[PDB]
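This report refers to the structure that appears directly beneath it.
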Amino acid sequence: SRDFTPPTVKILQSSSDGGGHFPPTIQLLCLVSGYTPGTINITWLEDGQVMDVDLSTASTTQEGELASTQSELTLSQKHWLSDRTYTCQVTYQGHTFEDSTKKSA
């Protein structure tokens, strides 16, 4: 007997991948898969001012008998300048987690 599977979450940052022009932002995508046969929940704990359009979302994918869900985060660099606390809180049918970044300008 061994139902369910071992959940796994990761944190990937994509800030040093920008280029000339366009406004600076942050691309923090977490890597959560294996857990749940379909997927869990996608959430990010923000601490600073989630008033703008800075939100993080994850997609659902199939990994055989497991469930691979890719999480991403998008926030304006400006906000990052004002310092904040971003964390990709991934939930599960019976589990949870959180991994991201944080700064205090």
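Following Swiss-Prot, chain A shows residues 106-210, kept in their order.
Header entry for method reads solution NMR.
In case you wondered, yes, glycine gets a Cβ from its N, Cα and C as well.
Here is what Swiss-Prot records for this protein:
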DISULFID  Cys135-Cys193  disulfide bond
CARBOHYD  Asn146  N-linked glycosylation site
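Positions of the features from Swiss-Prot, shown on the structure.
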residue	record	Cβ within 10 Å
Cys135	disulfide bond	26
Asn146	N-linked glycosylation site	15
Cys193	disulfide bond	28
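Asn146 (N-linked glycosylation site) sits 11 Å from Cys193 (disulfide bond), taking the Cα positions as reference. The DSSP secondary structure for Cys193 (disulfide bond) is strand.
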